[PDB]
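Single-structure report; data block below.
Every residue, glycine among them, receives a Cβ derived from its backbone with ideal geometry; neighbour counts consider all protein chains shown. Values quoted throughout were computed directly from the atomic coordinates according to the rules given, and no laboratory measurement underlies them.
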Amino acid sequence: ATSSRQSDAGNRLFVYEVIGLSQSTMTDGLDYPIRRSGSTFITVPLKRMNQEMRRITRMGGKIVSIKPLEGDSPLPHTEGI
Amino acid sequence: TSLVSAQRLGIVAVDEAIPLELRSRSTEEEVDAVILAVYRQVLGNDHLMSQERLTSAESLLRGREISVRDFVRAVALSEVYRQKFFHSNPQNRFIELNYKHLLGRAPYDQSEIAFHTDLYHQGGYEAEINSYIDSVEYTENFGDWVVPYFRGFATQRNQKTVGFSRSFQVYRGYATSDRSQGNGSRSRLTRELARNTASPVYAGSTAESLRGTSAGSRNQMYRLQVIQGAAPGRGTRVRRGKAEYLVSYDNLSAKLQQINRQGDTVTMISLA
Amino acid sequence: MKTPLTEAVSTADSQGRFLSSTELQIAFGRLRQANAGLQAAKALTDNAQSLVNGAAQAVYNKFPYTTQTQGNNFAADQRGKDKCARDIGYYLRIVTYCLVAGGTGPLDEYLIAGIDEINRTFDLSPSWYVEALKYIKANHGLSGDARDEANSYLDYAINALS
Amino acid sequence: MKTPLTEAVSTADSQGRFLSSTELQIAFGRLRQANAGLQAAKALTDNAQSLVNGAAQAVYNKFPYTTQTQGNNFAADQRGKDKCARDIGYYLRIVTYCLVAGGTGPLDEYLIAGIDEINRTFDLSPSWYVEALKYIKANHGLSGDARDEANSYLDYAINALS
Amino acid sequence: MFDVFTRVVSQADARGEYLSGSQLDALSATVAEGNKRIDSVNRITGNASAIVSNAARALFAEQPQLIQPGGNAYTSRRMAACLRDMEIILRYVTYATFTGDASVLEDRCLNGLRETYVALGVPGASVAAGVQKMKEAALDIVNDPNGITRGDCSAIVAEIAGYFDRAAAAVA
Amino acid sequence: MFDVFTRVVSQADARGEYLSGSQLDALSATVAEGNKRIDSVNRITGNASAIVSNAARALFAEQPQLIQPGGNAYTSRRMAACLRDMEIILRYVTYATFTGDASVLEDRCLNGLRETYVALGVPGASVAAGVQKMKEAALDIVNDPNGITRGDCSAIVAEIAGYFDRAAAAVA
Amino acid sequence: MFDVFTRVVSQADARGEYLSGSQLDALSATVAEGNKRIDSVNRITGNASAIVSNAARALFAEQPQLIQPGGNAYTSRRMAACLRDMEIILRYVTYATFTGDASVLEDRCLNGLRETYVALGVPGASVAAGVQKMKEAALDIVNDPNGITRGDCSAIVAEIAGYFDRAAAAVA
Amino acid sequence: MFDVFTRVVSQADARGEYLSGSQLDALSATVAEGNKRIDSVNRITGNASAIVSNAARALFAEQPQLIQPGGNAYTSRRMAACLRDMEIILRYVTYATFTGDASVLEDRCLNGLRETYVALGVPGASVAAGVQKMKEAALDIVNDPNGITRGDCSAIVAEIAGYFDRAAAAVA
Ligand SMILES: *[C@H](C)[C@H]1/C(=C/c2[nH]c(/C=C3N=C(/C=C4\NC(=O)C(CC)=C4C)C(C)=C\3CCC(=O)O)c(CCC(=O)O)c2C)NC(=O)[C@@H]1C
Ligand SMILES: *[C@H](C)[C@H]1/C(=C/c2[nH]c(/C=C3N=C(/C=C4\NC(=O)C(CC)=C4C)C(C)=C\3CCC(=O)O)c(CCC(=O)O)c2C)NC(=O)[C@@H]1C
Ligand SMILES: *[C@H](C)[C@H]1/C(=C/c2[nH]c(/C=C3N=C(/C=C4\NC(=O)C(CC)=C4C)C(C)=C\3CCC(=O)O)c(CCC(=O)O)c2C)NC(=O)[C@@H]1C
Ligand SMILES: CCC1=C(C)/C(=C/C2=NC(=C\c3[nH]c(/C=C4\NC(=O)[C@H](C)[C@H]4CC)c(C)c3CCC(=O)O)/C(CCC(=O)O)=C2C)NC1=O
Ligand SMILES: CCC1=C(C)/C(=C/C2=NC(=C\c3[nH]c(/C=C4\NC(=O)[C@H](C)[C@H]4CC)c(C)c3CCC(=O)O)/C(CCC(=O)O)=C2C)NC1=O
Ligand SMILES: CCC1=C(C)/C(=C/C2=NC(=C\c3[nH]c(/C=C4\NC(=O)[C@H](C)[C@H]4CC)c(C)c3CCC(=O)O)/C(CCC(=O)O)=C2C)NC1=O
Ligand SMILES: CCC1=C(C)/C(=C/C2=NC(=C\c3[nH]c(/C=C4\NC(=O)[C@H](C)[C@H]4CC)c(C)c3CCC(=O)O)/C(CCC(=O)O)=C2C)NC1=O
Ligand SMILES: CCC1=C(C)/C(=C/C2=NC(=C\c3[nH]c(/C=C4\NC(=O)[C@H](C)[C@H]4CC)c(C)c3CCC(=O)O)/C(CCC(=O)O)=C2C)NC1=O
Ligand SMILES: CCC1=C(C)/C(=C/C2=NC(=C\c3[nH]c(/C=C4\NC(=O)[C@H](C)[C@H]4CC)c(C)c3CCC(=O)O)/C(CCC(=O)O)=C2C)NC1=O
Ligand SMILES: CCC1=C(C)/C(=C/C2=NC(=C\c3[nH]c(/C=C4\NC(=O)[C@H](C)[C@H]4CC)c(C)c3CCC(=O)O)/C(CCC(=O)O)=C2C)NC1=O
Ligand SMILES: CCC1=C(C)/C(=C/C2=NC(=C\c3[nH]c(/C=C4\NC(=O)[C@H](C)[C@H]4CC)c(C)c3CCC(=O)O)/C(CCC(=O)O)=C2C)NC1=O
Ligand SMILES: CCC1=C(C)/C(=C/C2=NC(=C\c3[nH]c(/C=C4\NC(=O)[C@H](C)[C@H]4CC)c(C)c3CCC(=O)O)/C(CCC(=O)O)=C2C)NC1=O
Ligand SMILES: CCC1=C(C)/C(=C/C2=NC(=C\c3[nH]c(/C=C4\NC(=O)[C@H](C)[C@H]4CC)c(C)c3CCC(=O)O)/C(CCC(=O)O)=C2C)NC1=O
Ligand SMILES: CCC1=C(C)/C(=C/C2=NC(=C\c3[nH]c(/C=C4\NC(=O)[C@H](C)[C@H]4CC)c(C)c3CCC(=O)O)/C(CCC(=O)O)=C2C)NC1=O
């Protein structure tokens, strides 16, 4: 759904910070329990950004901040440590 | 499924399988178990050597920099998955392998195969692999933190009934894999997926038949699913297009000669 | 596979009937004769290496041309001699299996069925194996009830090859 | 970091339900054999220096080339002997940790995971540590349930290194 | 199909080795047990009809849901097929006792029997219960000291019990 | 996670030393009150649904603004999430009681729970009140004299109460 | 998400009250305007590609710093992404017009979009200018009197202009 | 997957009746056998690498065609996969000894192993030979009188031999 894919520049990584992930008729579909709703950090490449945004949006999550990384590696995520 | 069905079908261990979820602040044992479960299920129960164990994405999980879904994507986008399931396989087989590994499912219909083939032709292998992980079904079923597992033997919300019967044609057993000799496998679903039908399951103890005194010298039966047409000689009236033949060893070569002389095509031969 | 017990069960199953006194007599003859069959198989197992080497040597005495002239089917090289020793070991091992089983079932399943097509295809002469089995008849050393067991299976393979 | 209790809680939490009688029986087995595990850990803590020195002597006895071939991976100098002695002390200390914990968990996160890369990179033969663990098996001198976990954790690191 | 001798004959032929002294001594022990084996086969063959009728009666006394109108063993033909099934299972247990190997029972009778009982709607648990009742009937008749010379015959009774247990487990 | 054994194992590994005699005697004492620990775990597990329902009833009794139309516990979904949260908190307190250390409770339940409740708008003071209510309900269940062998259980009761205060302090 | 009915439903459920006469009368008036709303949705959908292409033409005509080598909309990949962004914004404006509430536009398009454009280096003022041009094109296409029956449509045009100004303000 | 208890529970639930006293006494006999069972499991687990290595070396002494260039066990990868299959079969034999039922073998270890070895070109008779050689090594390990208290362990040895013979018969 993007022209970014099949491109080196489309491997630019970003971090989405999303809040408010809660059960809803849109979330009633999920087969697994969600454990955190405070501040979820997801690393997303450029090509995959459209998919991630829709996915976050479809579930009702609210995006607070998107931090650029200037790298293909997810090393400056540093949230699960 | 319950005990009596899964004991006959040989899918007991799939039904008593707990989906591994990598919780936050997990111990190294839990991360190792998640990595091993991903290597068992995404790489299709292959004997995975340490020389292609993908240490970078393993450290990215250990690091908590990537999620379980990212690890699954990393494994499926690696050259281990490309060599094992993509390069020597045809497109139908590769799409079925993607469904079994990433989504834990058999494909439901031919337009799904056409969509994935069109997406491969339009955007490469990477785009195609992403299609499965960045799908609504993956997010709902496994999401970010649950290791994918086979869901074809359970009742799913958006599933086709033919998916349960096709899951046995895709999942051959617990002590099986998706590797063949020469790493090139043909799809078992192309006859039905294109035609929107189903085959009998015949998995494990389901495949067996009663022998009695009719089995010949070797007490074993052979099971032949054969598509039958009208004979040019018109000697015997054909009653059904799809026919079942249970024949002994001592008549198996003769029966294959009969089917080949009748012009009928053999679709399945198994033990019974 | 064909043994007295298997034949009795196959016939009683073909008639769909229980095992009468006839099948009990079949098992009684099998049981009486089986101890001598097991002793014969034990003695042939212990003397197997010497018997196979002597049988191959006796084939080379009656048929010296198998050791001189070149050919894939002949024992002029070490590969052909190894193939001949392996063949005679197969023959003697299946004769011991027939001694244990109490019938020509191991010969019929493992060696007799299709040996004509093997000897035709790979240009092997059945007279070589007939002399090998005749050497086993000459030097097995069994006496009494066990000897007639061993000679029956050796002559059964001889009558199949000739 | 696996024990009876931690794997019991992990299994119940993977089920997503409460602690049934299964986990209670797990805790009962842990309580039954934890006293013998603590006594075994106390005895190996008391005899740690003697068993590490004896294990290093047994390694030098079976593998004398470690004491005479010059190299950074070998014990030809006092530095290599000190590294070998502290390696065997590490093996014994995480064995006592496994005795205290009641499972192979301390071996799994402290010693077993990644040890193939350690022995590959620094050219350490795992048979040296195999002989060291066989000395610890031969001379720890426990009896009953204390020896049985002692053989359990020792042969666990034997099987992981070989 | 195999007997007690031909099972280890085929297992030796798959390895290409002669039978060792331990296997020949085990077969000699089988030959020594063979007279009691023939006695057990003869006793079950003699009281086969009594075993089938008494165990069917006990099964339908304990499980009256099978004979009720609409039950699986209701209708003379289905009840006949029931008694025929019990008689055939007894016949193949006697065949396996005669051969000393369960090749005939598993390969000719138990293979595909569960699929047949599932496809007909036959309750395989009830078949297993009937086979179990036939098992204590057969081990009561075999281990009867009357009318026979005395001797320790626990091994052949355990072997018949194992044949009955794999017959009941192949339908349950 | 950690239990009472791997906690001191990890401390001794971070110090790089063997466990001394006092540490092993303390673990032997933990084995001695282990049976009372299993009793407490079993009693709270057996009365968990009653504890959760009674704590919820008291919490919506003297704090009725939760159930009021528009309240955080109003709507089946939100009440089902509330009772599910009570079940999870009680379950993880039993998990920490079973291990003998609050690693599983702080690491898999209370890790990230407070900002979760902040982002949802869940009033954490009322959650801490419900945790407190489950605390006296569970300690009343544990300290019931009937149907149990007599003995002093103040250590395991104080440890369960400490786990409940860690659960309540992490959400308030 | 919400539409023009379920927004009032959610507000009433937060207040815990039935809908009064005024809210039901306002919803009935919205239903009376619904045919005009569907006409607006149909016209913007039918001329969506023309609106996006003409807005891109006017935006890169008045702002040539974006299509020049180095500009964000330079390179057919980034230009295709920009045209996709205009199509997405116009599509979600039609979605918000269809529902009658901007819940789908905020929650599905405009959330995280400012932070997306800041992290990407996308100039959000240029996107806001493109949204202004799609607003004027769509409002000219809705207010076309030809080929449709006469009526007053100031309310739905004001609502569409509010949705467009909401889309432009979320990226500026 | 069953243990010695839940197999009897499964046939009893299929029959729909409580356990008779004979089944409870047999389960108590297996409970008394369980200490020797855990000894056998612990000994095979402790000497698993030695059993696998010895059986591999003596199997290729018996069958040099497997490691010969072009053989199935030639190439490090295939050799490493063969060694993993040997230790997996030993591991599932320890599992089946541990539970007391062979349901884990037929449901997990031998579930499709014949089809997999046919598809891979793996000679299953060589695998069965290696399973018999691991069987001999494991039975010499279990029946070792050194370092254990005395007792009759023919039942657990026969059960382990039955599990090994069923594992070998599934691949041959
Ligand atoms: C060793 C004694 C013999 C041998 C073995 C050999 N095996 C394979 C490949 C596989 N083996 C399995 C079996 C299992 N996998 C499991 O997860 C389980 C537990 C349920 C079992 C029992 C599987 C699945 C494979 C294929 C997938 C994989 O490789 O992981 C090979 C490799 C064949 C190839 O060409 O790739 C070999 C060589 N080979 C011998 O010659 C011995 C007789
Ligand atoms: C020995 C008396 C003389 C001799 C023998 C010779 N035999 C072969 C080849 C084969 N022999 C067999 C026989 C069997 N295979 C079986 O499985 C069984 C039953 C267990 C039997 C009896 C077969 C199948 C072959 C061909 C396949 C193979 O090579 O194994 C050869 C080689 C022939 C060739 O062309 O390669 C030889 C030389 N040759 C003599 O000169 C002796 C007098
Ligand atoms: C009555 C005239 C005399 C009598 C009868 C008697 N019958 C039985 C047992 C059985 N009868 C049947 C018959 C049918 N079953 C069917 O499904 C159908 C078709 C619908 C028929 C006709 C069967 C199957 C049985 C046995 C199974 C069962 O118990 O239901 C008994 C009992 C025999 C036993 O050993 O338990 C008796 C006593 N007996 C008399 O004395 C009357 C003169
Ligand atoms: C495409 C839509 C769809 C259909 C049609 C469907 C059918 C379906 N029914 C199933 C099981 C089942 N269905 C039944 C039903 C019955 N048993 C009886 O005796 C009655 C006659 C009958 C009810 C009227 C039972 C008992 C099982 C479980 C079998 C077992 O686990 O052993 C299963 C196995 C997986 C599971 O247990 O969820 C499927 C897939 N699933 C679907 O997604
Ligand atoms: C994309 C390429 C890539 C990089 C660069 C990478 C780095 C990396 N190093 C890590 C850990 C680590 N790295 C070290 C390294 C050391 N400690 C020392 O004292 C020395 C100074 C040094 C080696 C000389 C250690 C000890 C850890 C483990 C930290 C811990 O688990 O406590 C981790 C955490 C996950 C893990 O434990 O494996 C990452 C992600 N991972 C990747 O995939
Ligand atoms: C290889 C030897 C062999 C076996 C083992 C065998 C089993 C067998 N049992 C059958 C039927 C049957 N079996 C039963 C048996 C029972 N119903 C009950 O309720 C009781 C639990 C039980 C008696 C213990 C019944 C009632 C049927 C008929 C089902 C029907 O046609 O409606 C059928 C269907 C074919 C037929 O009508 O005969 C087969 C093949 N047939 C063979 O040739
Ligand atoms: C053709 C009909 C026929 C049959 C079947 C037959 C069987 C038969 N059973 C025998 C022995 C025997 N049979 C038994 C059997 C048993 N002892 C017991 O106390 C148990 C109740 C029972 C197991 C069912 C024993 C222990 C022997 C003696 C040991 C042996 O000869 O093997 C003997 C040896 C001769 C004798 O002492 O009587 C024969 C011939 N003979 C015939 O002519
Ligand atoms: C807006 C969606 C929504 C629903 C549907 C809802 C139902 C609901 N009903 C409740 C209680 C209750 N409901 C009843 C109802 C009845 N008792 C009877 O005898 C009658 C036959 C019957 C009426 C038909 C009673 C007695 C309780 C109190 C239970 C208790 O305190 O233990 C409670 C427990 C919490 C509380 O006390 O408020 C909930 C959550 N709550 C919601 O937010
Ligand atoms: C699998 C299910 C199961 C469980 C859970 C179990 C627990 C259990 N609790 C015990 C003891 C005990 N339990 C308690 C507990 C208490 N005493 C009190 O007065 C307080 C109210 C309470 C704290 C909650 C005490 C004091 C003992 C005796 C001391 C000890 O054995 O540790 C004992 C020793 C045997 C006995 O004397 O009864 C067992 C076996 N046994 C089982 O089979
Ligand atoms: C570096 C990669 C890259 C490419 C390839 C590219 C192509 C490109 N050509 C365009 C327009 C255009 N291209 C043409 C070209 C032609 N008209 C004709 O009659 C001739 C036959 C033909 C020349 C061969 C015209 C007339 C337009 C203007 C279209 C418009 O304003 O509506 C536009 C529209 C935006 C604009 O007005 O600049 C793009 C993006 N842009 C890029 O960043
Ligand atoms: C669900 C709804 C949705 C929205 C809202 C969305 C916005 C969106 N716009 C993007 C990129 C972009 N958007 C633009 C847009 C522009 N550049 C300009 O100069 C103009 C001012 C403007 C057009 C008017 C450009 C140039 C990029 C690519 C940035 C880059 O490649 O570095 C990206 C990066 C991911 C990708 O393009 O594949 C996202 C997610 N994606 C979605 O799925
Ligand atoms: C499935 C495709 C389809 C659509 C979309 C559709 C819409 C539609 N719009 C209508 C009316 C209308 N549409 C408008 C709209 C407008 N009037 C103006 O002058 C403004 C330029 C403009 C606002 C954009 C008005 C004023 C009415 C009459 C009032 C009303 O019916 O609500 C009517 C009533 C029947 C009629 O008089 O034509 C229909 C059916 N019918 C269909 O079959
Ligand atoms: C084509 C890829 C490939 C490789 C690399 C390979 C290696 C390989 N070397 C082996 C054995 C062996 N390798 C050695 C080698 C040595 N011993 C010494 O003292 C020397 C210092 C040293 C030579 C440098 C020995 C002694 C064995 C036998 C081990 C045994 O039987 O226990 C074995 C065991 C199976 C067997 O006996 O054949 C394998 C699989 N196999 C392969 O298929
Ligand atoms: C956690 C590690 C651990 C294990 C595995 C363990 C096993 C264990 N095996 C026992 C007994 C036993 N083990 C055997 C086993 C055998 N005897 C033989 O001569 C055969 C060679 C062999 C069969 C392999 C026997 C016969 C007993 C005594 C009977 C019984 O207690 O069941 C006992 C009873 C206490 C004793 O007398 O030693 C224990 C605790 N204890 C532990 O702490």
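Please enumerate the residues belonging to the range G:54-83 that are part of a helix (DSSP H, G or I) and loosely packed, with under 15 Cβ neighbours inside 10 Å.
Across the range G:54-83, the qualifying residues are G:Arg57, G:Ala61, G:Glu62, G:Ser76, G:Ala80.
If A:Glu79 passes every condition in (1) surrounded by 21 or more Cβ atoms within 10 Å (Cβ to Cβ); (2) more than 16 Å from ligand 11 (Cβ to nearest atom); (3) over 26 Å from B:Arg157 (Cα atoms) but one, which one does it miss?
Of (1) surrounded by 21 or more Cβ atoms within 10 Å (Cβ to Cβ); (2) more than 16 Å from ligand 11 (Cβ to nearest atom); (3) over 26 Å from B:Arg157 (Cα atoms), only one is false for A:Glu79: (1).
Has the range A:48-70 got at least one residue that is touching a strand residue (DSSP E or B) at 6+ places or on another chain (Cβ under 9 Å), within 24 Å of F:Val171 (Cα to Cα) and within 8 Å of chain B (Cβ to nearest Cβ)?
No; the residues of the range A:48-70 include none that is touching a strand residue (DSSP E or B) at 6+ places or on another chain (Cβ under 9 Å), within 24 Å of F:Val171 (Cα to Cα) and within 8 Å of chain B (Cβ to nearest Cβ).
Could you please let me know if E:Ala125 is within 14 Å of chain H (Cβ to nearest Cβ), aliphatic (A, V, I, L, M) and either in a helix (DSSP H, G or I) or more than 8 Å from ligand 6 (Cβ to nearest atom) (or both)?
yes
Do you know which of the residues in the range E:1-37 that are touching a residue at least 60 places away in the same chain (Cβ under 8 Å) and more than 16 Å from C:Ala101 (Cβ to Cβ) is nearest to the other protein chains (Cβ to nearest Cβ)?
E:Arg37
Under the condition of being away from chain E (no Cβ under 14 Å), closer than 16 Å to H:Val52 by Cβ and not small (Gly, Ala, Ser), which residue from the range H:135-162 is farthest from ligand 1 (Cβ to nearest atom)?
Checked the range H:135-162; the qualifying residue farthest from ligand 1 (Cβ to nearest atom) is H:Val142.
Only one of (1) touching a residue at least 60 places away in the same chain (Cβ under 8 Å); (2) within 11 Å of another protein chain (Cβ to nearest Cβ); (3) within 21 Å of F:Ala14 (Cβ to Cβ) fails for D:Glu149. Which number is that?
(3)
Residues to consider are B:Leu48, B:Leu102, B:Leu61; find the one that is not in a helix (DSSP H, G or I) and not small (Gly, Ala, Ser). Outline the logic, then answer.
Details: B:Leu102 fails: not in a helix (DSSP H, G or I); B:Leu61 fails: not in a helix (DSSP H, G or I).
It is B:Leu48.
Name the pairs whose Cβ atoms lie under 6 Å apart, with the first residue in the range D:97-111 and within 16 Å of B:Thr27 (Cβ to Cβ), the second among the acidic types (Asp, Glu), and 6 or more positions between them or separate chains?
D:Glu109/B:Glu28
Just to be sure I understand, how many residues within the range B:64-73 are within 10 Å of chain A (Cβ to nearest Cβ) and not in a loop (DSSP other than H, G, I, E, B)?
Adding up the residues that qualify gives 3.
Restricting the first residue to the range H:139-164 and requiring it to be in a loop (DSSP other than H, G, I, E, B), which pairs with a second residue that is of a type in the set (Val, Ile, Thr) and within 10 Å of ligand 14 (Cβ to nearest atom) meet a Cβ separation below 9 Å and a spacing of at least six or different chains?
Matching pairs, first to second residue: H:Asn143/H:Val157; H:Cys153/H:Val142.
Quick one: is E:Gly112 in contact with a strand residue (DSSP E or B) (Cβ under 8 Å, 6 or more places away or on another chain), free of Cβ contacts under 8 Å to residues at least 60 places away in the same chain and of a type outside the set (D, E, K, R)? Walk me through it before giving the result.
Values: in contact with a strand residue (DSSP E or B) (Cβ under 8 Å, 6 or more places away or on another chain): yes; free of Cβ contacts under 8 Å to residues at least 60 places away in the same chain: yes; of a type outside the set (D, E, K, R): yes.
Here the answer is yes, as E:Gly112 does meet what is asked.
I'd like the residue in the range D:92-130 that is surrounded by fewer than 18 Cβ atoms within 10 Å (Cβ to Cβ) and of a type in the set (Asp, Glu) and, out of all such residues, is farthest from the other protein chains (Cβ to nearest Cβ).
Across the range D:92-130, the extreme among qualifying residues is D:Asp123.
Check E:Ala48, E:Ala56, E:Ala81, E:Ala61 and return the single one that is away from ligand 4 (no atom under 16 Å from the Cβ), in contact with a helix residue (DSSP H, G or I) (Cβ under 7 Å, 6 or more places away or on another chain) and more than 9 Å from chain C (Cβ to nearest Cβ).
Exactly one of E:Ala48, E:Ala56, E:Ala81, E:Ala61 is away from ligand 4 (no atom under 16 Å from the Cβ), in contact with a helix residue (DSSP H, G or I) (Cβ under 7 Å, 6 or more places away or on another chain) and more than 9 Å from chain C (Cβ to nearest Cβ), namely E:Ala56.
For the range H:110-122: of the residues being outside any helix (DSSP H, G or I) and buried (at least 19 other Cβ atoms within 10 Å of the Cβ), which is farthest from ligand 10 (Cβ to nearest atom)?
First pass over the range H:110-122, keeping only residues outside any helix (DSSP H, G or I): H:110-112, H:121-122.
Add one more test, that the residue is buried (at least 19 other Cβ atoms within 10 Å of the Cβ), and what stays is H:110-112, H:122.
Values: H:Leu110: 61, H:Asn111: 56, H:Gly112: 54, H:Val122: 55 Å.
Per the criteria, the residue is H:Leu110.
How many residues, within the range B:24-45, are surrounded by 19 or more Cβ atoms within 10 Å (Cβ to Cβ) and within 7 Å of another protein chain (Cβ to nearest Cβ)?
1
Among the residues that make up the range B:162-174, is at least one of them buried (at least 21 other Cβ atoms within 10 Å of the Cβ) and of a type in the set (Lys, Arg)?
Checked against the condition, which is being buried (at least 21 other Cβ atoms within 10 Å of the Cβ) and of a type in the set (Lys, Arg), the range B:162-174 yields at least one hit.
For the range B:162-183, give me each residue that is assigned to a loop (DSSP other than H, G, I, E, B), of a type in the set (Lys, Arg) and under 17 Å from B:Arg151 (Cα atoms). Lay out the reasoning, then the answer.
Step one: list which residues in the range B:162-183 are assigned to a loop (DSSP other than H, G, I, E, B), which gives B:171-183.
Now narrow it down to the ones that are of a type in the set (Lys, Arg): B:172, B:179.
Across the range B:162-183, the qualifying residue is only B:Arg172.
Within the range C:36-45, track down each residue that is at the interface with chain E (Cβ under 9 Å from one of its Cβ atoms) and either farther than 19 Å from C:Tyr91 by Cβ or surrounded by fewer than 20 Cβ atoms within 10 Å (Cβ to Cβ) (or both).
Correct list: C:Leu38, C:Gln39.
Got a sec? Which strands (runs of 3 or more DSSP E) wholly within the range A:12-81 have at least 3 residues that are farther than 16 Å from B:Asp134 by Cβ and in contact (Cβ under 8 Å) with a residue 24 or more places away in the chain? Outline the logic, then answer.
Values: elements: A:13-19, A:40-45, A:62-68.
The strands (runs of 3 or more DSSP E) meeting that bar are A:13-19, A:62-68.
Tell me which residues, restricted to the range G:74-109, are touching a residue at least 24 places away in the same chain (Cβ under 8 Å) and among the hydrophobic types (A, V, I, L, M, F, W, C).
Correct list: G:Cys82, G:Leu83, G:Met86, G:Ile89, G:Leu90, G:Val93, G:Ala96, G:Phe98, G:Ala102, G:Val104, G:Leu105, G:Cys109.
May I ask you to say which residue of F:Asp107, F:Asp101 is closer than 25 Å to F:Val31 by Cα and assigned to a loop (DSSP other than H, G, I, E, B)?
The conditions single out F:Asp101.
Only one of these is facing another protein chain (nearest Cβ under 8 Å), over 19 Å from E:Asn35 (Cβ atoms) and within 16 Å of ligand 4 (Cβ to nearest atom): E:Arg91, E:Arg114. Name it.
Result: E:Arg114 is the single residue among E:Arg91, E:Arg114 that is facing another protein chain (nearest Cβ under 8 Å), over 19 Å from E:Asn35 (Cβ atoms) and within 16 Å of ligand 4 (Cβ to nearest atom).
It is to be established whether one or more residues within the range H:60-67 are in contact with a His (Cβ under 8 Å, 6 or more places away or on another chain) and of a type outside the set (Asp, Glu). Talk me through it step by step, then tell me what you get.
In the first step, residues of the range H:60-67 are kept if they are in contact with a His (Cβ under 8 Å, 6 or more places away or on another chain); the result is none.
There is no residue in the range H:60-67 that is in contact with a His (Cβ under 8 Å, 6 or more places away or on another chain) and of a type outside the set (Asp, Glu).
Could you check the range F:23-53 and list, in sequence order, the residues that are of a type in the set (S, T, N, Q) and in a helix (DSSP H, G or I)? Walk me through it before giving the result.
To start, the set of residues in the range F:23-53 that are of a type in the set (S, T, N, Q) comprises F:23, F:28, F:30, F:35, F:40, F:42, F:45, F:47, F:49, F:53.
If the condition is that a residue be of a type in the set (S, T, N, Q) and in a helix (DSSP H, G or I), then F:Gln23, F:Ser28, F:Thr30, F:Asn35, F:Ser40, F:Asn42, F:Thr45, F:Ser49, F:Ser53 are the ones that fit.
For residues that are facing chain E (nearest Cβ under 7 Å), in contact (Cβ under 8 Å) with a residue 40 or more places away in the chain and not in a helix (DSSP H, G or I), tally how many sit in the range C:1-35.
The qualifying residues number 2.
Does the range B:123-174 hold any residues that are away from ligand 4 (no atom under 16 Å from the Cβ) and either among the hydroxyl-bearing types (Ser, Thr, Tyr) or farther than 24 Å from A:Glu52 by Cα (or both), and which are they?
Those that are away from ligand 4 (no atom under 16 Å from the Cβ) and either among the hydroxyl-bearing types (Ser, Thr, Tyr) or farther than 24 Å from A:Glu52 by Cα (or both): B:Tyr125, B:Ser131, B:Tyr132, B:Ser135, B:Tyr138, B:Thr139, B:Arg172, B:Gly173, B:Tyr174.
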